[PDB]
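Chemist: Here it is: the structure, laid out below.
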Amino acid sequence: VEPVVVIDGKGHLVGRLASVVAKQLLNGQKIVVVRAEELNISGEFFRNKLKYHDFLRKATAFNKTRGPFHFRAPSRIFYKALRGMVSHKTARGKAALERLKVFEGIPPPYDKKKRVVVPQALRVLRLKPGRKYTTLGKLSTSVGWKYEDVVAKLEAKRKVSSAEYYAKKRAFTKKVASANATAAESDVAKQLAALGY
Amino acid sequence: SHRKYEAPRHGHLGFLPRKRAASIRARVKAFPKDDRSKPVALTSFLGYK
Amino acid sequence: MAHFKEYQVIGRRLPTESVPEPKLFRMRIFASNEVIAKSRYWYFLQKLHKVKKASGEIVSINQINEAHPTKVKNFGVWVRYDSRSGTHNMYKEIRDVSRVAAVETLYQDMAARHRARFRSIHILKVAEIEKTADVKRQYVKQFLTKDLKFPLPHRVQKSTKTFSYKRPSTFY
Amino acid sequence: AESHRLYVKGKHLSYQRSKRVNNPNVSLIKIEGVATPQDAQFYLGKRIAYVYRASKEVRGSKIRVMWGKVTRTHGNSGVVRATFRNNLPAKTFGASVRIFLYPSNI
Amino acid sequence: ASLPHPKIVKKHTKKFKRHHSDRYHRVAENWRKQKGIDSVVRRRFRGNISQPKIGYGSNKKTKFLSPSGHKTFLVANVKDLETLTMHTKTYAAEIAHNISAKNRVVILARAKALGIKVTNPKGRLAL
RNA sequence: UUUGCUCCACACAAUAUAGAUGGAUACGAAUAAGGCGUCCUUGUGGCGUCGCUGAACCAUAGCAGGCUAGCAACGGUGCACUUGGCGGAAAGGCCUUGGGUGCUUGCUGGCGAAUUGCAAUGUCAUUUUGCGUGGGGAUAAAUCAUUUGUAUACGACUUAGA
RNA sequence: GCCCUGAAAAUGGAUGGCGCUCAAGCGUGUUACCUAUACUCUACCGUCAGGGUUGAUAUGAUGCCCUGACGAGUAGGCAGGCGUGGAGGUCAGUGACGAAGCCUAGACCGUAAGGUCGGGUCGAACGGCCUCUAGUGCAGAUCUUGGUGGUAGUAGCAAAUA
RNA sequence: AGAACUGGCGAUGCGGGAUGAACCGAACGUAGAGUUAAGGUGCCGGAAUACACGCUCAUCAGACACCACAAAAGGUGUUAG
RNA sequence: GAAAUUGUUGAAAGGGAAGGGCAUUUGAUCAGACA
Ligand SMILES: [Mg+2]
Ligand SMILES: [Mg+2]
Ligand SMILES: [Mg+2]
Ligand SMILES: [Mg+2]
Ligand SMILES: [Mg+2]
Ligand SMILES: [Mg+2]
Ligand SMILES: [Mg+2]
Ligand SMILES: [Mg+2]
Ligand SMILES: [Mg+2]
Ligand SMILES: [Mg+2]
Ligand SMILES: [Mg+2]
Ligand SMILES: [Mg+2]
Ligand SMILES: [Mg+2]
Ligand SMILES: [Mg+2]
Ligand SMILES: [Mg+2]
Ligand SMILES: [Mg+2]
Ligand SMILES: [Mg+2]
Ligand SMILES: [Mg+2]
Ligand SMILES: [Mg+2]
Ligand SMILES: [Mg+2]
Ligand SMILES: [Mg+2]
Ligand SMILES: [Mg+2]
Ligand SMILES: [Mg+2]
Ligand SMILES: [Mg+2]
Ligand SMILES: [Mg+2]
Ligand SMILES: [Mg+2]
Ligand SMILES: [Mg+2]
Ligand SMILES: [Mg+2]
Ligand SMILES: [Mg+2]
Ligand SMILES: [Mg+2]
Ligand SMILES: [Mg+2]
Ligand SMILES: [Mg+2]
Ligand SMILES: [Mg+2]
Ligand SMILES: [Mg+2]
Ligand SMILES: [Mg+2]
Ligand SMILES: [Mg+2]
Ligand SMILES: [Mg+2]
Ligand SMILES: [Mg+2]
Ligand SMILES: [Mg+2]
Ligand SMILES: [Mg+2]
Ligand SMILES: [Mg+2]
Ligand SMILES: [Mg+2]
Ligand SMILES: [Mg+2]
Ligand SMILES: [Mg+2]
Ligand SMILES: [Mg+2]
Ligand SMILES: [Mg+2]
Ligand SMILES: [Mg+2]
Ligand SMILES: [Mg+2]
Ligand SMILES: [Mg+2]
Ligand SMILES: [Mg+2]
Ligand SMILES: [Mg+2]
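Here it is, written out as C-alpha cells:
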C-alpha cells in the first residue's frame, strides 16, 4: 500500500507483531519497526525472565561460540521471534529479511515519518483486562542489555522536539479550519456537499 | 564415569583465548568513574618499564 | 450434537393378533434432525420398556415450535450425566427465548464445566419457571432486578486492515 | 496527469501447493483492495501481466512481459489463482503484478 | 507439404538416463532398470528419476513423424530414393552416412526432379 | 610502467535490478479512558464537540500531456539562486528571507491529435561500471630485500635505515 | 471440572520450530476454506474382451474398422522386442571422390533396449532384410590382467664425533 | 516368548501422523479440468489472527488417536453441582 | 589412438559436500515450418 511501513512497536505483543511482520516481508512489503523497547509479551515479568534464562543455557558444549547466540536487545529479541517465522535459510527468506529493519527508539529518517500500528497485535486490544504482561525494555535490561537509559534519554529529547512540531501543526490546522469556514456556505461548497464532499 | 578423585581444573577460562595480543600496547578497557566537581586531570599515564 | 429442533416422537410396539392396538408412548426429544430424533427415542424407550426398534414402530414424529419465541423466559433444567468416575443428577437454570435455544446452551455448559460430551447426558426436564422467586440460581436472579442497566466497558472494534493510523480507543 | 495506470496492483504470492509439494502451473495472486472471494469474483477472467526488464534488447525493447488470466478465487481473503502462458519464474514470489480491466463487463 | 496431421505431442521429451549414471563414469546413460532390493528408484519414492513405461507411448497418428510430418526413410542411392516417388507427402529421404559426395549430388538432383524431400541435403556439400 | 587521481558538469556505450508506476501524510500519553474547539480561577478545572475506523486526507483534467491568446487574482507551485536559524541516535535533513524565472485546470478563447489500423508493458524508473572530451582541485604510500629482539616453528610481531 | 502440590539424572534443546494467555490453551457447537498417484468428465498409450470386414480393378487378413472395461508389484513364470561374433540367401547394397573405428552440453525417430544424421578425426574395408548359429550384452564377485588418481611435492632422505 | 480369526507390512509408491516398514486416508499407465479423504487453515505453509458459549493463569501452564508415560494422596486457587 | 587421469585456453557457479526430480526466468545454442 506504501513503499515502506514504519511500525510503532510500543504496546504491541511480540509474537503477534512478529507474525504479521513476517507475512508482509514474504509478500514483498518493506517494514521498519521502531521503539522495540516498548514492545510487550503477555505473562508477568518473572515468567518471561525465567523463559529467557532457559534460552540462555542452551549452548554448544564443545564451543559456545558456535552455539545458539543470545542477543539481549529488545530489537533483537524481536528479530528472533520474527526470524523464526521465516524460511530463513532459503534465498527467498534472506530476501524477505533484508526487507526488514528494527530499532530501539526512533532514530533519524523515521522520527519525521508517520508510524502506524497493527491492531491485531495491539496489547490493549487483545489481552484481557487484568492479565499481567511484560515490557520488552525491562526484560532486556535484566538479561544484559546495556542501553535502556540512553534510549530513554534520547527519547525524551526526541519527544520534546516532536511536541513542538505537533503544536505548530495544530496551530496551523486551526487557521486552515478558519479558512475552510469562510468558504463554507459558498456556492462551490454546497455543490460539493451535494456530491458527498 | 566420574573422575575418581576431585581436583580443581587447571587455569582460568576467563583469560582465554590464550592468543597473542593485537598490539604491544595493551588497551585501557575502563577509566575511573567521573566526578566533575574536581579539577580536570589525566586519568592514566604512559611510561616504559 | 448441533442446533436443536425439539420433536414430539410417538411409537408403540408392533401390533399382534392377541394385542392389536398396543399402548402408544410419547417423548419430547431435542435433536438436530428427525433421524437422530427417532434414534434417541428408541434409545430411551429401551431404558424404560420391553421394546426395541425391530419390534416397535414409529407412529408419528413432529417438530414442536416455541409458543412465544420472542418472549424471554427463565428455564429450569434437570439433567442426569456421567462423569469420569460416576453418574450424577443436576439442576441448572437458563434464561433464554426458547426451550431449543436453552438446550443448546445447556450442552455447551455441560461440555465446558463438567466436560460432558452429548452421549453422557440425559435431559430429564425443561420447564418454564413461572414466578420469579421460584428462580433459585443466582447467576440468573441477577438479571431480574428492577430497572436493570449495565455498561459494556473496554470496547474492542475489529480492524479490517492490518495497519491503522490512529491508535484505537476502547471508549464506549 | 501523474497517474496513467489502467491496472490494479497485485502481488505474486506463491505457487499452488500442499504442505511440501508445489505446482508451478497455478499461481496465487493477491490483488490490492480485494479482501473476500465475493470481491475477487470481479477479477475472474481479467488478464494479468508480469512485466520485467532484461539486459538484452529484442524486438525493440528491453522490457518483456509474461501474460496470464485470473481463473478462480482462492480461500477466504480475496486471494486469487491465476495461470500464465508460461509458469512464473518463482524468483517473483513477492513481485508486483498487473491486473487489467479487460475483458470488461461493465 | 507433408500430409495434414494432428498436432504432434511428445509426452516426455526428457531423456531417461540410468540411475547414478550421473554419479560414476563406469555407468553409461543408456536406460537400465533397477533390480535392487532396496532401490529408491525401483520403488518410486517421490523425488527420483522416473522410468520408461508404456504410458508415454505416442499417438499412433503422429508417431514416427518428424517435425515436418514426414516419416524418414534411409536412402543409399537413386533406386532406394525412387521408392518414395509416390509418397512425397508421407516420407522424406535421409541420405545414408556412408554415401560419397559425388553420389550425393546425383541422389539430391533426382530428389528435386521427383519432388522428394531430403532431410540432410548439405551433407558432404562441395562448398 | 607511457598522462595518472579526485570532485562537479554531458556524452556515448555497457551492466544490472527480490520488483517505482499519484503521496512512507512525524505529538505524547491513557484505554475502567482520550482528541479537538472554547472560556477561565491555568486545574486531576468549566462548557461544547468528535469517534462507531484511512471507505480518510492530500493530489488528480491538458500530445506521457503539444503550440498559442486573454481575464480575474497577488494566490498556489516547479527550478536555480540568496538571508537568518535549527537538527549528532544513523544529525546528512528540516525551517526561514528576499529578488528572479517557469507552470497554473481560478475562469474565458484559437489551433493540434486520425493510418499505432478492434488488444499486445507498448518501452517514460534507478544500479554499478568503462571510455574519451574540459571547469575546478590535489601532488602519497605500502610491500620485497636489509636491519632490531620487547617477537617468532614458518608466516606474523616489533624496531631501524636518504 | 481446569489449575496447583505430590514430580529426582546426567553434552544444550524441543507441543516439529517460532511464539501464543477473553489463545494460537482445554470442552462443545456452527460455517467457510486449503489439498492425494483416490473419485467424476475428457484426450492419448498399452492390455483383455465383444463385434464388423476377402468383392474385384492397389499397397500390411499375423491386417483394417467399431465398441467396452481394465493398468501397483519382490521371488518367480510367460510374451513381444533391442544389441554383439560367425553361417546360408538376397539387395547386381556402401566405399580410397574415404569403409571401419574414435570424438562431438549439434539434429531427428523410439515408452525403452537402441536406431538415424551432420561436423571433426581417420585410412580399407563394411552394412539393410529373410533365415542359421553361439565362447552373445556387466557396476559390483576382499572378481582377473593392465592402466590411473586423491593421498602429496606429503612421510621422510636425523645411528656410526667432521 | 507363544496360539486364534481377520486385516496389513514383507513384495508398495502416493496424501496425512514433523520424523518413522506395519497407524489414518488411499493402492499407482501418460496428461488436462473439477471435487474430496485422512489431516489441516496466527507465521513458518497452501487454507477464517472465522463465528459462538463456557473453563483455565501455572516463580518448571497447556496444546490432539497409535505416540513417545505418570500414581496414591492433598489444596480456604477457581468453577459448576 | 577410447576411458580413467592431466596442462593450457574459453565460459559459468560456488556462506559446512556434490550430484538429482517437477517447473519457469536468464544466457548460449539449434531443428522445423512459412511462402
Ligand atoms: Mg547449569
Ligand atoms: Mg565426584
Ligand atoms: Mg593479527
Ligand atoms: Mg511425506
Ligand atoms: Mg544394475
Ligand atoms: Mg525392502
Ligand atoms: Mg535481485
Ligand atoms: Mg472531551
Ligand atoms: Mg485543549
Ligand atoms: Mg476540561
Ligand atoms: Mg485523516
Ligand atoms: Mg500543463
Ligand atoms: Mg484550452
Ligand atoms: Mg537509519
Ligand atoms: Mg580527465
Ligand atoms: Mg510443551
Ligand atoms: Mg502449531
Ligand atoms: Mg476449540
Ligand atoms: Mg469465512
Ligand atoms: Mg493422474
Ligand atoms: Mg477415466
Ligand atoms: Mg504392472
Ligand atoms: Mg536380434
Ligand atoms: Mg550378429
Ligand atoms: Mg565367437
Ligand atoms: Mg568414416
Ligand atoms: Mg562427453
Ligand atoms: Mg534431422
Ligand atoms: Mg566427414
Ligand atoms: Mg593401408
Ligand atoms: Mg534368424
Ligand atoms: Mg561368456
Ligand atoms: Mg549391471
Ligand atoms: Mg567394470
Ligand atoms: Mg563397483
Ligand atoms: Mg548387479
Ligand atoms: Mg575392478
Ligand atoms: Mg594399481
Ligand atoms: Mg620435489
Ligand atoms: Mg618434509
Ligand atoms: Mg627417522
Ligand atoms: Mg524376503
Ligand atoms: Mg500400502
Ligand atoms: Mg520455521
Ligand atoms: Mg497462508
Ligand atoms: Mg484416548
Ligand atoms: Mg508425533
Ligand atoms: Mg476444586
Ligand atoms: Mg600413434
Ligand atoms: Mg540438471
Ligand atoms: Mg529444465
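Chains as they are written, first to last, in the working numbering: chain A, 540 to 736; chain B, 139 to 187; chain C, 8 to 179; chain D, 3 to 108; chain E, -9 to 117.
Just so it is clear, CB atoms sit at the ideal spot from N, CA and C, and this is done for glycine as well.
Our contact map puts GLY550 (chain A) next to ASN587 (chain A) with C-beta atoms below 8 Å; I'd like the distance itself, whole angstroms only.
Modeler: Their Cβ separation, rounded to whole angstroms, is 16 Å, which puts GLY550 (chain A) and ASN587 (chain A) out of contact at 8 Å.
Chemist: Can you check whether the CB of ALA91 (chain E) is closer than 8 Å to the CB of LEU71 (chain E)?
Modeler: Cβ distance not < 8 Å, so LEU71 (chain E) and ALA91 (chain E) don't count as in contact.
Chemist: Looking at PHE82 (chain C): is its Cβ nearer than 8 Å to the Cβ of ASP103 (chain C)?
Modeler: Yes, the pair counts as a contact, with Cβ atoms nearer than the cut-off.
Chemist: Check whether chain C comes within 8 Å of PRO607 (chain A), counting only Cβ atoms and requiring the distance to be less than that.
Modeler: By this cut-off, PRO607 (chain A) is not an interface position.
Chemist: With H, G and I counted as helix, E and B as strand and the rest as coil, what does DSSP make of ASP89 (chain C)?
Modeler: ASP89 (chain C): strand per DSSP, three-state reduction.
Chemist: Please identify the residue among A:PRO542, A:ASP650 and A:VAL573 whose C-alpha is closest to the C-alpha of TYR618 (chain A).
Modeler: With distances taken between Cα atoms, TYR618 (chain A) lies closest to A:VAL573.
Chemist: DSSP has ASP547 (chain A) in a bridge; who is on the other side?
Modeler: DSSP lists A:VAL573 as partners of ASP547 (chain A).
Chemist: How is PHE102 (chain D) classed by DSSP in three states: helix, strand or coil?
Modeler: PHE102 (chain D) falls in the strand class under three-state DSSP.
Chemist: Does the stretch 74 to 81 of chain D come into contact with the stretch 34 to 42 of chain D, if we say contact requires no fewer than three beta-carbon pairs (one atom in each stretch) closer than 8 Å?
Modeler: Counting Cβ pairs under 8 Å, three or more are found: they touch.
Chemist: Mind pulling the chain A residues with CB within less than 8 Å of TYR179 (chain C)?
Modeler: What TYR179 (chain C) touches in chain A: nothing, since even the nearest Cβ is about 13 Å away.
Chemist: Pick from C:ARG106, C:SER166, C:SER92 and C:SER176: whose alpha carbon is nearest that of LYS80 (chain C)?
Modeler: It is C:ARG106.
Chemist: Rounded to the nearest angstrom, what separates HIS148 (chain B) and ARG165 (chain B) at their Cα positions?
Modeler: If you take the alpha carbons of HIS148 (chain B) and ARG165 (chain B), they lie about 27 Å apart.
Chemist: Whose C-beta lies closer than 6 Å to the C-beta of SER58 (chain E) among residues of the same chain, with five residues either side of it excluded?
Modeler: The residues are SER(-8).
Chemist: Name the chain A residues that come within less than 9 Å of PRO175 (chain C), Cβ to Cβ?
Modeler: Neighbours of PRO175 (chain C) on chain A, chain order: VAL656, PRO658, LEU661, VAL663 and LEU664.
Chemist: Excluding the 5 residues preceding and the 5 following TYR104 (chain D) in the sequence, name in chain order all residues of the same chain whose CB lies nearer than 8 Å to its CB.
Modeler: So the qualifying residues of the chain are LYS48 and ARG49.
Chemist: For chain C, check one thing: does any of its Cβ atoms lie closer than 8 Å to the Cβ of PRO542 (chain A)?
Modeler: By this cut-off, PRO542 (chain A) is not an interface position.
Chemist: Check whether the stretch 106 to 116 of chain C touches the stretch 126 to 133 of chain C, taking contact to mean three or more Cβ pairs, one atom from each stretch, closer than 8 Å.
Modeler: The stretch 106 to 116 of chain C vs the stretch 126 to 133 of chain C: in contact.
Chemist: Within 8 Å of any Cβ in chain C, is that where the Cβ of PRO668 (chain A) sits?
Modeler: For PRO668 (chain A), the answer is yes, since a Cβ of chain C falls inside 8 Å of its Cβ.
Chemist: Please compile the residues from chain D whose C-beta is within a distance smaller than 7 Å of the C-beta of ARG631 (chain A).
Modeler: Simply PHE95.
Chemist: Please identify the residue among C:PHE32, C:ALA123, C:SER25 and C:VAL42 whose C-alpha is closest to the C-alpha of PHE11 (chain C).
Modeler: Taking only the C-alpha atoms, the option nearest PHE11 (chain C) is C:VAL42.
Chemist: Can you list, in chain order, the residues of its chain whose CB lies under 7 Å from that of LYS1 (chain E), leaving out five sequence neighbours each side?
Modeler: Closer than 7 Å at the Cβ level, and outside the excluded window around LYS1 (chain E), lie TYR46 and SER48.
Chemist: Using CA coordinates, which residue listed in A:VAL641, A:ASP547, A:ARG670 and A:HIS627 is at the minimum distance from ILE616 (chain A)?
Modeler: That would be A:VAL641, whose Cα lies nearest to the Cα of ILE616 (chain A).
Chemist: Is the beta carbon of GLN15 (chain C) closer than 8 Å to that of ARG35 (chain C)?
Modeler: Yes, the Cβ-Cβ distance between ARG35 (chain C) and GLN15 (chain C) is below 8 Å.
Chemist: Within 10 Å of its beta-carbon, does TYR14 (chain E) have 16 or more other beta-carbons around it, so buried, or fewer, so exposed?
Modeler: Counting Cβ neighbours within 10 Å, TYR14 (chain E) comes out exposed, since fewer than 16 surround it.
Chemist: Given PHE102 (chain D), which residues of its chain have a CB within under 6 Å of its CB, disregarding the five upstream and five downstream residues?
Modeler: Closer than 6 Å at Cβ, skipping near neighbours: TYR9, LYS48 and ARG49.
Chemist: Would you please state the rounded distance, in angstroms, between the beta carbons of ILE85 (chain E) and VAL65 (chain E)? I believe it to be under 8 Å.
Modeler: Right, the Cβ-Cβ distance comes to about 6 Å (below 8 Å), so this counts as a contact.
Chemist: Is the shortest distance between the beta-carbon of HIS121 (chain C) and the beta-carbons of chain A less than 8 Å?
Modeler: False, the Cβ-Cβ gap to chain A never drops below 8 Å.
Chemist: Once you ignore the five residues that flank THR85 (chain D) on each side, which residues in its own chain have a CB closer than 8 Å to its CB?
Modeler: For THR85 (chain D), where only same-chain residues beyond five positions count, the Cβ hits under 8 Å are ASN27, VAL28, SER29, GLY70, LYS71 and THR73.
Chemist: In this structure, how does DSSP classify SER127 (chain C) when only helix, strand and coil are distinguished?
Modeler: If DSSP states are grouped into helix, strand and coil, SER127 (chain C) belongs with the helices.
Chemist: Can you have a look at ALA733 (chain A) and say buried or exposed, based on whether 16 or more other CB atoms are within 10 angstroms of its CB?
Modeler: Counting Cβ neighbours within 10 Å, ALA733 (chain A) comes out exposed, since fewer than 16 surround it.
Chemist: With 16 as the cutoff for other CB atoms within 10 Å, does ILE31 (chain D) come out buried or exposed?
Modeler: So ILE31 (chain D) counts as buried.
Chemist: Just how far apart, CA to CA, sit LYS708 (chain A) and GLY606 (chain A)?
Modeler: For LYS708 (chain A) and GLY606 (chain A), the distance between alpha carbons rounds to 52 Å.
Chemist: Thinking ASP547 (chain A) and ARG654 (chain A) are a contact (beta carbons under 8 Å), I'd like their distance in whole angstroms, please.
Modeler: Right, the Cβ-Cβ distance comes to about 4 Å (below 8 Å), so this counts as a contact.
Chemist: Would you list, in sequence order, the uninterrupted alpha helix (DSSP H) runs of no fewer than 4 residues that lie entirely inside the stretch 23 to 48 of chain D?
Modeler: Segments of the alpha helix (DSSP H) lying fully in the stretch 23 to 48 of chain D: 39 to 42.
Chemist: Is the beta carbon of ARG22 (chain D) within less than 7 Å of some heavy atom of ligand 4?
Modeler: Yes; taking the cut-off as 7 Å, the Cβ of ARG22 (chain D) has a heavy atom of ligand 4 nearer than that.
Chemist: Which partner residues does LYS80 (chain C) have in the DSSP bridge list?
Modeler: C:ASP103.
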